[PDB]
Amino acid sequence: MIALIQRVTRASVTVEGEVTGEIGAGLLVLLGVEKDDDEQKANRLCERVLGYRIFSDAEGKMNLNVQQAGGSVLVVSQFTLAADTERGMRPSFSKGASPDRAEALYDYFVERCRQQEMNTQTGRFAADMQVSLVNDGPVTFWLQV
């Protein structure tokens, strides 16, 4: 499973013009579910994402994770992260997850976030969305399990 995370000052997802998910400071998590993922992997990824020390302390050093910073998490499914982009001008998608299993793992990841007492927001699993955000830094990390 892949989590391409961006530290944000704000982020929102609109589906058909209406806001379906919106947060202030925190993380925008683009989640890519892979063919062989399971809850165990989703769990470890969630753990790593929420514990990643990339938020400024009361003095300016990155020593705090999103929970300590009091930030939120906006999770959006991104099938393109699991793409094979090794060669050529066209991505190939075969390492991606199946139809249903993908949503199940996505929902699971989101629920695990909420279970960690995180103010969590989402976008409809496979809907065409416009994700607005302000990447603060910028700070962007590729996490994968």
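Don't overthink the numbering: it's just position in the shown sequence, from 1.
As recorded in the PDB entry, 60-68 is the stretch of 60-68 and 43-51 with the greater mean C-alpha temperature factor. When the C-alpha B-factors of 82-90 and 24-32 are averaged, 82-90 comes out higher.
The residue among 76, 110, 102, 118 whose C-alpha carries the highest B-factor in the deposited model is 102. The deposited CA B-factor of residue 15 belongs to the highest third of values across its chain.
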